[PDB]
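Q: structure26.cif is reproduced in full below (mmCIF, C-alpha atoms; chains and numbers go by the auth columns).
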data_upload
loop_
_atom_site.group_PDB
_atom_site.id
_atom_site.type_symbol
_atom_site.label_atom_id
_atom_site.label_comp_id
_atom_site.label_asym_id
_atom_site.label_seq_id
_atom_site.Cartn_x
_atom_site.Cartn_y
_atom_site.Cartn_z
_atom_site.B_iso_or_equiv
_atom_site.auth_seq_id
_atom_site.auth_asym_id
ATOM 1 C CA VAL A 1 -72.408 -8.374 -46.570 0.00 5 A
ATOM 2 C CA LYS A 2 -70.671 -6.227 -49.195 0.00 6 A
ATOM 3 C CA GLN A 3 -66.982 -5.285 -49.169 0.00 7 A
ATOM 4 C CA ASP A 4 -66.156 -3.158 -52.212 0.00 8 A
ATOM 5 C CA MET A 5 -64.002 -0.011 -52.224 0.00 9 A
ATOM 6 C CA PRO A 6 -66.253 3.026 -51.695 0.00 10 A
ATOM 7 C CA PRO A 7 -65.204 6.526 -50.696 0.00 11 A
ATOM 8 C CA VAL A 8 -65.236 6.488 -46.904 0.00 12 A
ATOM 9 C CA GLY A 9 -67.946 9.049 -46.104 0.00 13 A
ATOM 10 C CA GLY A 10 -66.806 11.389 -48.883 0.00 14 A
ATOM 11 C CA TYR A 11 -63.185 12.427 -49.181 0.00 15 A
ATOM 12 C CA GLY A 12 -61.713 15.769 -48.280 0.00 16 A
ATOM 13 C CA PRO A 13 -61.071 18.568 -50.742 0.00 17 A
ATOM 14 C CA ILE A 14 -58.506 18.419 -53.531 0.00 18 A
ATOM 15 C CA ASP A 15 -56.447 21.417 -54.592 0.00 19 A
ATOM 16 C CA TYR A 16 -55.866 22.161 -58.274 0.00 20 A
ATOM 17 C CA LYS A 17 -55.228 25.906 -58.534 0.00 21 A
ATOM 18 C CA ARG A 18 -52.122 27.717 -59.800 0.00 22 A
ATOM 19 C CA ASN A 19 -49.807 29.627 -57.466 0.00 23 A
ATOM 20 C CA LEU A 20 -46.870 32.021 -57.970 0.00 24 A
ATOM 21 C CA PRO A 21 -45.221 34.041 -55.177 0.00 25 A
ATOM 22 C CA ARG A 22 -44.430 37.056 -57.463 0.00 26 A
ATOM 23 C CA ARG A 23 -41.316 37.833 -55.396 0.00 27 A
ATOM 24 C CA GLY A 24 -40.524 40.441 -56.265 0.00 28 A
ATOM 25 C CA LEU A 25 -38.392 43.150 -54.597 0.00 29 A
ATOM 26 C CA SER A 26 -40.068 46.011 -56.617 0.00 30 A
ATOM 27 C CA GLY A 27 -37.334 45.895 -59.232 0.00 31 A
ATOM 28 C CA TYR A 28 -36.742 49.637 -59.545 0.00 32 A
ATOM 29 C CA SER A 29 -35.427 49.380 -55.996 0.00 33 A
ATOM 30 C CA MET A 30 -33.322 46.464 -57.228 0.00 34 A
ATOM 31 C CA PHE A 31 -31.804 48.797 -59.819 0.00 35 A
ATOM 32 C CA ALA A 32 -31.117 51.119 -56.896 0.00 36 A
ATOM 33 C CA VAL A 33 -29.398 48.188 -55.139 0.00 37 A
ATOM 34 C CA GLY A 34 -27.227 47.522 -58.181 0.00 38 A
ATOM 35 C CA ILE A 35 -26.302 51.174 -58.687 0.00 39 A
ATOM 36 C CA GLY A 36 -25.548 51.507 -54.972 0.00 40 A
ATOM 37 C CA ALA A 37 -23.187 48.529 -55.013 0.00 41 A
ATOM 38 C CA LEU A 38 -21.631 49.909 -58.205 0.00 42 A
ATOM 39 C CA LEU A 39 -20.956 53.342 -56.724 0.00 43 A
ATOM 40 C CA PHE A 40 -19.748 51.748 -53.469 0.00 44 A
ATOM 41 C CA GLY A 41 -17.156 49.817 -55.443 0.00 45 A
ATOM 42 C CA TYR A 42 -16.153 52.937 -57.364 0.00 46 A
ATOM 43 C CA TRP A 43 -15.640 54.931 -54.169 0.00 47 A
ATOM 44 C CA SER A 44 -13.386 52.314 -52.599 0.00 48 A
ATOM 45 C CA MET A 45 -11.629 51.762 -55.940 0.00 49 A
ATOM 46 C CA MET A 46 -10.858 55.482 -56.245 0.00 50 A
ATOM 47 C CA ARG A 47 -9.415 55.544 -52.726 0.00 51 A
ATOM 48 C CA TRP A 48 -7.162 52.516 -53.256 0.00 52 A
ATOM 49 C CA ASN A 49 -5.921 53.694 -56.657 0.00 53 A
ATOM 50 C CA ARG A 50 -4.865 57.084 -55.346 0.00 54 A
ATOM 51 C CA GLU A 51 -3.063 55.587 -52.346 0.00 55 A
ATOM 52 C CA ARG A 52 -1.296 53.151 -54.671 0.00 56 A
ATOM 53 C CA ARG A 53 -0.265 56.069 -56.901 0.00 57 A
ATOM 54 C CA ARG A 54 1.323 57.600 -53.790 0.00 58 A
ATOM 55 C CA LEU A 55 3.333 54.453 -53.144 0.00 59 A
ATOM 56 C CA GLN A 56 4.305 54.126 -56.806 0.00 60 A
ATOM 57 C CA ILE A 57 5.702 57.661 -56.783 0.00 61 A
ATOM 58 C CA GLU A 58 7.659 56.594 -53.687 0.00 62 A
ATOM 59 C CA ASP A 59 9.199 53.755 -55.701 0.00 63 A
ATOM 60 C CA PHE A 60 9.971 56.294 -58.435 0.00 64 A
ATOM 61 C CA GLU A 61 11.845 58.371 -55.870 0.00 65 A
ATOM 62 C CA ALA A 62 13.742 55.239 -54.852 0.00 66 A
ATOM 63 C CA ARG A 63 14.971 54.596 -58.398 0.00 67 A
ATOM 64 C CA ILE A 64 15.773 58.283 -58.903 0.00 68 A
ATOM 65 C CA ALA A 65 17.856 58.722 -55.762 0.00 69 A
ATOM 66 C CA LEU A 66 19.676 55.425 -56.202 0.00 70 A
ATOM 67 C CA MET A 67 20.661 56.041 -59.828 0.00 71 A
ATOM 68 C CA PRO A 68 24.094 57.841 -60.054 0.00 72 A
ATOM 69 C CA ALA B 1 -34.069 20.545 -70.588 0.00 163 B
ATOM 70 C CA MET B 2 -32.788 17.489 -68.767 0.00 164 B
ATOM 71 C CA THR B 3 -34.254 17.425 -65.263 0.00 165 B
ATOM 72 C CA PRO B 4 -38.052 18.234 -65.348 0.00 166 B
ATOM 73 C CA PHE B 5 -38.395 15.091 -67.416 0.00 167 B
ATOM 74 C CA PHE B 6 -37.022 13.230 -64.424 0.00 168 B
ATOM 75 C CA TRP B 7 -39.202 14.831 -61.751 0.00 169 B
ATOM 76 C CA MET B 8 -42.292 13.983 -63.718 0.00 170 B
ATOM 77 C CA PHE B 9 -41.052 10.497 -64.581 0.00 171 B
ATOM 78 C CA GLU B 10 -40.792 9.736 -60.875 0.00 172 B
ATOM 79 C CA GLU B 11 -44.446 10.774 -60.701 0.00 173 B
ATOM 80 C CA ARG B 12 -45.179 8.566 -63.724 0.00 174 B
ATOM 81 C CA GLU B 13 -43.441 5.678 -61.936 0.00 175 B
ATOM 82 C CA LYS B 14 -45.962 6.100 -59.133 0.00 176 B
ATOM 83 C CA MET B 15 -48.774 5.883 -61.662 0.00 177 B
ATOM 84 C CA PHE B 16 -47.242 2.761 -63.194 0.00 178 B
ATOM 85 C CA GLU B 17 -47.352 1.308 -59.679 0.00 179 B
ATOM 86 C CA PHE B 18 -51.081 2.066 -59.538 0.00 180 B
ATOM 87 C CA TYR B 19 -51.662 0.316 -62.869 0.00 181 B
ATOM 88 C CA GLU B 20 -49.688 -2.630 -61.520 0.00 182 B
ATOM 89 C CA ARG B 21 -51.813 -2.894 -58.386 0.00 183 B
ATOM 90 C CA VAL B 22 -54.918 -2.767 -60.600 0.00 184 B
ATOM 91 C CA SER B 23 -53.930 -5.332 -63.227 0.00 185 B
ATOM 92 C CA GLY B 24 -50.375 -6.562 -62.821 0.00 186 B
ATOM 93 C CA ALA B 25 -48.792 -5.303 -66.015 0.00 187 B
ATOM 94 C CA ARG B 26 -46.274 -2.500 -65.986 0.00 188 B
ATOM 95 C CA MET B 27 -47.614 -0.720 -69.055 0.00 189 B
ATOM 96 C CA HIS B 28 -49.696 -2.873 -71.389 0.00 190 B
ATOM 97 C CA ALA B 29 -52.477 -3.749 -69.011 0.00 191 B
ATOM 98 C CA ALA B 30 -55.208 -5.058 -71.260 0.00 192 B
ATOM 99 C CA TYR B 31 -57.810 -4.822 -68.514 0.00 193 B
ATOM 100 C CA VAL B 32 -60.720 -3.261 -70.459 0.00 194 B
ATOM 101 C CA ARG B 33 -62.685 -6.041 -72.017 0.00 195 B
ATOM 102 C CA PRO B 34 -65.746 -5.294 -74.117 0.00 196 B
ATOM 103 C CA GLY B 35 -68.859 -5.190 -71.999 0.00 197 B
ATOM 104 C CA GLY B 36 -67.615 -3.383 -68.925 0.00 198 B
ATOM 105 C CA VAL B 37 -64.329 -3.578 -67.075 0.00 199 B
ATOM 106 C CA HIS B 38 -63.018 -6.997 -65.999 0.00 200 B
ATOM 107 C CA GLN B 39 -61.473 -7.940 -62.614 0.00 201 B
ATOM 108 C CA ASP B 40 -62.314 -4.836 -60.629 0.00 202 B
ATOM 109 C CA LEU B 41 -59.982 -2.993 -58.340 0.00 203 B
ATOM 110 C CA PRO B 42 -58.783 -4.528 -55.065 0.00 204 B
ATOM 111 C CA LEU B 43 -59.594 -3.116 -51.671 0.00 205 B
ATOM 112 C CA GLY B 44 -57.346 -0.207 -50.750 0.00 206 B
ATOM 113 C CA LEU B 45 -56.694 1.903 -53.840 0.00 207 B
ATOM 114 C CA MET B 46 -58.835 5.064 -53.831 0.00 208 B
ATOM 115 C CA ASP B 47 -56.996 6.534 -50.842 0.00 209 B
ATOM 116 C CA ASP B 48 -53.751 6.108 -52.758 0.00 210 B
ATOM 117 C CA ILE B 49 -55.168 7.968 -55.750 0.00 211 B
ATOM 118 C CA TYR B 50 -56.318 10.723 -53.353 0.00 212 B
ATOM 119 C CA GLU B 51 -52.801 11.041 -51.888 0.00 213 B
ATOM 120 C CA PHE B 52 -51.346 11.148 -55.387 0.00 214 B
ATOM 121 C CA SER B 53 -53.804 13.894 -56.343 0.00 215 B
#
Re-express the file's structure as structure tokens.
A:
Amino acid sequence: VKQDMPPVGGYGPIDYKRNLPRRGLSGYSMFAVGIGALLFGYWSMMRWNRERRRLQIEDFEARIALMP
Amino acid sequence: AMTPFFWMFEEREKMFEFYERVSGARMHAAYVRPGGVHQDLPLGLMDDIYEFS
């Protein structure tokens, strides 16, 4: 009998092809994401700065009334 | 470019293992005499090359 190493009935298929997911996000919408986060931060920043100006004028009134 | 070197050297270590199972040497397997190939491959190797593919 003969006992070499053949392919056992023909092997299954072998992949070789390239693949890229191209993800993605449709980058103009990603610019919209960035500009939205930017303007979100500016809105909250504006609110906090004006409330802190209010409190800083209160500390001004403290130093004014305490002074004489 | 440190790391892709290392991913593909682990793959090359697998192929050094295949050369070792064929001949015995790590790298400098002589193994190809004139007049055909000497000391043909042992039973149980083609499936391993298929898995590696």
Q: List the residues selected by the PyMOL selection byres ((chain B) within 12 of (chain A)) in the file shown, writing them as a compact mmCIF listing (two decimals) with C-alpha atoms, keeping the file's coordinate frame.
A:
# COMPACT_ATOMS: atom_id res chain seq x y z
CA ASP B 202 -62.31 -4.84 -60.63
CA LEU B 203 -59.98 -2.99 -58.34
CA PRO B 204 -58.78 -4.53 -55.06
CA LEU B 205 -59.59 -3.12 -51.67
CA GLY B 206 -57.35 -0.21 -50.75
CA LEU B 207 -56.69 1.90 -53.84
CA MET B 208 -58.84 5.06 -53.83
CA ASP B 209 -57.00 6.53 -50.84
CA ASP B 210 -53.75 6.11 -52.76
CA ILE B 211 -55.17 7.97 -55.75
CA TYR B 212 -56.32 10.72 -53.35
CA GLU B 213 -52.80 11.04 -51.89
CA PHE B 214 -51.35 11.15 -55.39
CA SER B 215 -53.80 13.89 -56.34
Q: Could you check how far atom CA of residue 25 of chain A sits from atom CA of residue 165 of chain B, in Å to one decimal?
A: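 Computing it gives 22.3 Å between the two atoms.
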Q: Between atom CA of residue 46 of chain A and atom CA of residue 32 of chain A, what is the distance in Å, rounded to a tenth?
A: 21.0 Å
Q: Quick one: pull the distance between atom CA of residue 198 of chain B and atom CA of residue 14 of chain A, Å, one decimal.
A: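 Those two atoms sit 24.9 Å apart.
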Q: With the PyMOL selection byres ((chain B and resi 185-189) around 10) as the selection, what would be picked from this file? Answer as a list in words, please.
A: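 For this structure, the PyMOL selection byres ((chain B and resi 185-189) around 10) captures residues 175, 177, 178, 179, 180, 181, 182, 183, 184, 190, 191, 192, 193, 200, 201, 202, 203 and 204 of chain B.
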Q: Store the residues picked out above in a file with C-alpha atoms, as a PDB file, in the coordinates of the input.
A:
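Result file follows (selection_1.pdb):
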ATOM      1  CA  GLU B 175     -43.441   5.678 -61.936  1.00  0.00           C
ATOM      2  CA  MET B 177     -48.774   5.883 -61.662  1.00  0.00           C
ATOM      3  CA  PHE B 178     -47.242   2.761 -63.194  1.00  0.00           C
ATOM      4  CA  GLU B 179     -47.352   1.308 -59.679  1.00  0.00           C
ATOM      5  CA  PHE B 180     -51.081   2.066 -59.538  1.00  0.00           C
ATOM      6  CA  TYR B 181     -51.662   0.316 -62.869  1.00  0.00           C
ATOM      7  CA  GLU B 182     -49.688  -2.630 -61.520  1.00  0.00           C
ATOM      8  CA  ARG B 183     -51.813  -2.894 -58.386  1.00  0.00           C
ATOM      9  CA  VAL B 184     -54.918  -2.767 -60.600  1.00  0.00           C
ATOM     10  CA  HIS B 190     -49.696  -2.873 -71.389  1.00  0.00           C
ATOM     11  CA  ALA B 191     -52.477  -3.749 -69.011  1.00  0.00           C
ATOM     12  CA  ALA B 192     -55.208  -5.058 -71.260  1.00  0.00           C
ATOM     13  CA  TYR B 193     -57.810  -4.822 -68.514  1.00  0.00           C
ATOM     14  CA  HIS B 200     -63.018  -6.997 -65.999  1.00  0.00           C
ATOM     15  CA  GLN B 201     -61.473  -7.940 -62.614  1.00  0.00           C
ATOM     16  CA  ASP B 202     -62.314  -4.836 -60.629  1.00  0.00           C
ATOM     17  CA  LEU B 203     -59.982  -2.993 -58.340  1.00  0.00           C
ATOM     18  CA  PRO B 204     -58.783  -4.528 -55.065  1.00  0.00           C
TER      19      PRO B 204
END
Q: Could you complete segment 199-212 of chain B so that it carries N, CA, C and O atoms, and give it back as a PDB file, keeping the file's coordinate frame?
A:
ATOM      1  N   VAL B 199     -65.704  -3.341 -67.493  1.00  0.00           N
ATOM      2  CA  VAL B 199     -64.329  -3.578 -67.075  1.00  0.00           C
ATOM      3  C   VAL B 199     -64.250  -4.899 -66.317  1.00  0.00           C
ATOM      4  O   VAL B 199     -65.108  -5.196 -65.480  1.00  0.00           O
ATOM      5  N   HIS B 200     -63.228  -5.698 -66.617  1.00  0.00           N
ATOM      6  CA  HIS B 200     -63.018  -6.997 -65.999  1.00  0.00           C
ATOM      7  C   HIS B 200     -62.063  -6.913 -64.817  1.00  0.00           C
ATOM      8  O   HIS B 200     -61.094  -6.152 -64.855  1.00  0.00           O
ATOM      9  N   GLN B 201     -62.334  -7.730 -63.786  1.00  0.00           N
ATOM     10  CA  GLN B 201     -61.473  -7.940 -62.614  1.00  0.00           C
ATOM     11  C   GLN B 201     -61.229  -6.623 -61.874  1.00  0.00           C
ATOM     12  O   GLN B 201     -60.167  -6.008 -61.972  1.00  0.00           O
ATOM     13  N   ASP B 202     -62.288  -6.168 -61.207  1.00  0.00           N
ATOM     14  CA  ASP B 202     -62.314  -4.836 -60.629  1.00  0.00           C
ATOM     15  C   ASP B 202     -61.266  -4.661 -59.532  1.00  0.00           C
ATOM     16  O   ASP B 202     -60.627  -5.609 -59.072  1.00  0.00           O
ATOM     17  N   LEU B 203     -61.137  -3.417 -59.100  1.00  0.00           N
ATOM     18  CA  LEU B 203     -59.982  -2.993 -58.340  1.00  0.00           C
ATOM     19  C   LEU B 203     -59.997  -3.579 -56.932  1.00  0.00           C
ATOM     20  O   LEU B 203     -61.063  -3.745 -56.338  1.00  0.00           O
ATOM     21  N   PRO B 204     -58.839  -3.937 -56.397  1.00  0.00           N
ATOM     22  CA  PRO B 204     -58.783  -4.528 -55.065  1.00  0.00           C
ATOM     23  C   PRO B 204     -58.943  -3.473 -53.985  1.00  0.00           C
ATOM     24  O   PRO B 204     -58.816  -2.273 -54.214  1.00  0.00           O
ATOM     25  N   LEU B 205     -59.206  -3.964 -52.785  1.00  0.00           N
ATOM     26  CA  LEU B 205     -59.594  -3.116 -51.671  1.00  0.00           C
ATOM     27  C   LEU B 205     -58.382  -2.336 -51.174  1.00  0.00           C
ATOM     28  O   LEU B 205     -57.394  -2.931 -50.733  1.00  0.00           O
ATOM     29  N   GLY B 206     -58.447  -1.007 -51.251  1.00  0.00           N
ATOM     30  CA  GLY B 206     -57.346  -0.207 -50.750  1.00  0.00           C
ATOM     31  C   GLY B 206     -56.617   0.644 -51.767  1.00  0.00           C
ATOM     32  O   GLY B 206     -55.393   0.773 -51.693  1.00  0.00           O
ATOM     33  N   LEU B 207     -57.330   1.211 -52.727  1.00  0.00           N
ATOM     34  CA  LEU B 207     -56.694   1.903 -53.840  1.00  0.00           C
ATOM     35  C   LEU B 207     -57.078   3.373 -53.964  1.00  0.00           C
ATOM     36  O   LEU B 207     -56.238   4.210 -54.360  1.00  0.00           O
ATOM     37  N   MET B 208     -58.328   3.710 -53.633  1.00  0.00           N
ATOM     38  CA  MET B 208     -58.835   5.064 -53.831  1.00  0.00           C
ATOM     39  C   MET B 208     -58.124   6.075 -52.949  1.00  0.00           C
ATOM     40  O   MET B 208     -57.894   7.215 -53.374  1.00  0.00           O
ATOM     41  N   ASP B 209     -57.753   5.667 -51.735  1.00  0.00           N
ATOM     42  CA  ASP B 209     -56.996   6.534 -50.842  1.00  0.00           C
ATOM     43  C   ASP B 209     -55.626   6.854 -51.419  1.00  0.00           C
ATOM     44  O   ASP B 209     -55.121   7.978 -51.269  1.00  0.00           O
ATOM     45  N   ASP B 210     -55.031   5.883 -52.109  1.00  0.00           N
ATOM     46  CA  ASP B 210     -53.751   6.108 -52.758  1.00  0.00           C
ATOM     47  C   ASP B 210     -53.881   7.092 -53.907  1.00  0.00           C
ATOM     48  O   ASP B 210     -53.010   7.955 -54.092  1.00  0.00           O
ATOM     49  N   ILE B 211     -54.972   6.994 -54.676  1.00  0.00           N
ATOM     50  CA  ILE B 211     -55.168   7.968 -55.750  1.00  0.00           C
ATOM     51  C   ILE B 211     -55.426   9.366 -55.179  1.00  0.00           C
ATOM     52  O   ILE B 211     -54.973  10.369 -55.744  1.00  0.00           O
ATOM     53  N   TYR B 212     -56.091   9.446 -54.026  1.00  0.00           N
ATOM     54  CA  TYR B 212     -56.318  10.723 -53.353  1.00  0.00           C
ATOM     55  C   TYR B 212     -55.002  11.369 -52.907  1.00  0.00           C
ATOM     56  O   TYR B 212     -54.763  12.576 -53.134  1.00  0.00           O
TER      57      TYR B 212
END
